[PDB]
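Here's the structure we're looking at; comments come further down.
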Amino acid sequence: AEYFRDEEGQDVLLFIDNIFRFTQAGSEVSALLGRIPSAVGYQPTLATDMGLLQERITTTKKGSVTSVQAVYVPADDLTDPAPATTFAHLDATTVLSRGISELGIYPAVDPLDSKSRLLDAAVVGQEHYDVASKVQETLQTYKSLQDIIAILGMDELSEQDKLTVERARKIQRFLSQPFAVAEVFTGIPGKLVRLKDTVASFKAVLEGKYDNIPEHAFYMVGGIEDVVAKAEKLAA
Amino acid sequence: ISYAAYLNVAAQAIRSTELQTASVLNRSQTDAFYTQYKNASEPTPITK
Amino acid sequence: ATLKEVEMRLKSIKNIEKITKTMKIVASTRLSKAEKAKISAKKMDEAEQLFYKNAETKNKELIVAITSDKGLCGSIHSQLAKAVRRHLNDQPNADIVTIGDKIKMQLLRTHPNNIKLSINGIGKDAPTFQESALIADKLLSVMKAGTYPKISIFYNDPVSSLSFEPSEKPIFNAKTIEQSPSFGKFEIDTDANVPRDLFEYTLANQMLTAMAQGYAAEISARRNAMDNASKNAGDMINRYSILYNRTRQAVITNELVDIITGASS
Amino acid sequence: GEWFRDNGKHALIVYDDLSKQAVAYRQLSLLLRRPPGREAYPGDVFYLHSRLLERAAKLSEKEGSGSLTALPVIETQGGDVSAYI
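Protein chains in written order, with the numbering used here: chain C, 9 to 244; chain A, 25 to 72; chain E, 2 to 266; chain G, 1374 to 1458.
Laid out in structure tokens, this is it:
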């Protein structure tokens, strides 16, 4: 990569499946080398070793290094210092959990455990920031109220709580998109949607302009138009 | 002025004050509100 | 951590369980009274019904719906609002009288153009005649009641002391008593004004029977629901408690691992 | 920071991250075979932070009118607060 970025002055990228594999392999050798691997059973040279790898793929004037880093979560918890330390050297995360896979939503990306230092009110503009802000907030109310929603039914609660519950359910199904290479497995045709389109499609949903129509209209579709058509397909 | 308003008040009057059976006290002058509305616009709740 | 977040949530669930259990007892308490009231009302209604049968009466429209102020009594509150919207296809410009807070919000939203009269104080205590009488009076002023060709009321008939089915009947108007027999199988000339007076006293007796039936059926639902509530909060205790047990063990293990790691090395 | 405070002029020190000092010192201690405390973190980590933090303080104007003010920042793992650091 470095040869491409520097000398030759190419615009580079890197994708890795998987970078956790660097710590794990390294940890086996750690004991043997002359190190005491205590840090919840990990090499003590974690910081220094992850640092050299992720700073040799850091953006230069010679060429900007777009990284995609793939993290294997040790025993499904992000709490241990080795999954935590990855978040430190990143400017974006789009964390994918087991749970969203069970709910039948592919992709399995969490909406509430995603970040960017790229989302502000004039970086991507006023509309993008407002639209994201309503989405995060809505969803966080629905999980917060899950004990109460499940224990006591949804024709027993307030006007405000039922309106959220229906909206959040619609956004939940919407998140499902089959991809160009995932189309095979689900059996639902690929959908490729633009960022510009995504802002629009969500602004409309948030104002309730398409929440009078099935929550399964939004199951395995791309953008807004794809939703509209599938409801009529579903109806007849 | 309904017929049942007239009988109600005639009843309430025979009941006086608290020294009457429990049912009596319940059939007359226990608080509650009734908010009227129009058509929207709303006359403000006054005692039952 | 994991540990604490597990725990504080498991504690909320425990607190929920204690309240739903207390609620279910309070509901049986209220329920006995609710049952008591409805017997007594129905008995009174049957004497008036007696007349209505012989009179053969049987005929703008009204919608009345019944709930408490209190939430947490089955899906009584939103199936009754749905039953209003059904009988709003029978007369779209019908005057919705909403008896109770829970029913008031949802119908008020769909049409504030149908909300005329609404009530409060249905939830703290079981319906009483005072309410019914005054509401019957206000029915003449606001809705111009007793000139309709049909009036109708909705409630929940408490089929068995653990069940509820929603049911409806039509309140027979003063105009109806006038033009069916009431000199042809009874006898009143023009001395009193028995029709317009019997309508008004019996507007409240029939309205009150529906109020009682609905309220009784309602506490049975809150009782049924709170029993299921305890059991569900209980299922949740069990998933988080097993999660807690495993987590708590993970700390123990982790302290143990740190000691061994150093001594051995 | 202290040099400003010493001559008479106020200052403020933001310390991001002290949490990372502790990661670095953990590496040092365990490859220097110095016993750990809890969670593989050094025996006397608190002493390294504690002296460090009290060098932010308000001095008397007779002896330098300045003060260094301090805001340490600790980036916590799963919002946890029952660990040693």
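We treat Cβ as the ideally placed atom computed from N, Cα and C, and that holds for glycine.
Quick one, are the C-beta atoms of residue 58/A and residue 119/E less than 8 Å apart? yes
Taking the straight line between their C-alpha atoms, what separation do you get for residue 52/A and residue 219/C? 48 Å
How would you call residue 94/E, buried or exposed, if buried means at least 16 neighbouring beta carbons within 10 angstroms? exposed
Under 8 Å between C-beta atoms of residue 29/E and residue 197/E: no
Boundaries of the beta strand (DSSP E) in which residue 1411/G is found, first to last residue: 1409-1411
Every unbroken alpha helix (DSSP H) within the stretch 70-140 of chain C, with a cutoff of 4 residues, ordered by chain: 89-95 and 106-110
Name the one or two DSSP bridge partners that residue 226/C has. Paired residues: none, contrary to the question.
Output the distance between the C-alpha atoms of residue 215/C and residue 157/C, rounded to the nearest integer angstrom. 23 Å
For the beta strand (DSSP E) that residue 59/A lies in, which residues bound it at each end? Neither: residue 59/A is in no beta strand (DSSP E) and is coded neither H nor E.
If we ignore side chains and look at the alpha-carbon of each, how far apart do residue 58/C and residue 1448/G end up? 18 Å
Assign residue 203/E to one of three DSSP states: helix, strand, or coil. helix
Below 8 Å on the Cβ atoms is my contact criterion, and I expect residue 201/E with residue 137/E to pass it. Report the Cβ-Cβ distance as a whole number of Å. 6 Å
Is residue 143/C helix, strand or coil by DSSP? helix
Measuring straight from C-alpha to C-alpha, what distance separates residue 1391/G and residue 67/C? 26 Å
Since residue 99/E is in the beta strand (DSSP E), which residue starts that stretch and which ends it? 96-100
Rounded to whole angstroms, what is the Cα-Cα separation between residue 72/A and residue 112/E? 25 Å
Coarse secondary structure for residue 196/E, derived from DSSP in three states: helix
Residues bridged to residue 1404/G by DSSP? None, per the DSSP bridge assignment.
Any idea if residue 42/C is buried or exposed, counting beta-carbon neighbours within 10 angstroms, 16 or more meaning buried? exposed
Which whole-angstrom value is the C-beta distance of residue 142/E and residue 209/E, which I expect to be below 8 Å? Actually they do not touch by this definition, with Cβ atoms about 19 Å apart.
C-beta neighbour in chain A for residue 129/E, strict 8 Å: yes
Can you pull the chain G neighbours of residue 2/E, defined as C-beta to C-beta under 9 Å? 1450, 1451, 1452, 1453, 1454, 1455 and 1456
Kindly list, in the order they appear in chain C, the residues whose Cβ is closer than 9 Å to that of residue 1429/G. Going along chain C, no residue has its Cβ under 9 Å from residue 1429/G, so there is no contact; the nearest lies around 25 Å.
Reduced DSSP category for residue 191/E - H, G, I as helix; E, B as strand; rest coil: coil
Which residues in the same chain as residue 135/C place their Cβ atom closer than 6 Å to its Cβ, once the five residues preceding and following it in sequence are excluded? 207
Please list, in chain order, all residues of the same chain as residue 211/C whose beta carbon is under 6 Å from its beta carbon, the five residues on each side excluded. 139
Can you give me the C-alpha to C-alpha distance between residue 68/A and residue 196/C, rounded to a whole angstrom? 58 Å
When you compare the CB positions of residue 79/C and residue 27/C, do they come within less than 8 Å of one another, or not? yes
Same chain only: Cβ atoms within 8 Å of residue 169/E, ignoring 5 sequence neighbours per side: 84, 88, 153, 154, 155 and 156
Contact list for residue 90/C against chain G, beta-carbon separation under 7 Å: By Cβ distance, chain G contributes nothing, its closest Cβ being about 10 Å from residue 90/C, past 7 Å.
C-beta neighbour in chain A for residue 134/E, strict 8 Å: yes
Can you look up residue 168/E in the DSSP assignment and give me helix, strand or coil? strand
Spatial neighbours of residue 95/C in its chain, beta-carbon cut-off 7 Å, leaving aside the 5 residues before and after: 101
Quick check: what's the CA-CA separation for residue 185/E versus residue 135/E? 33 Å
How big is the Cα-Cα spacing for residue 62/A and residue 98/E? 11 Å
Measuring CB to CB, does residue 231/E end up less than 8 Å from residue 18/E? yes
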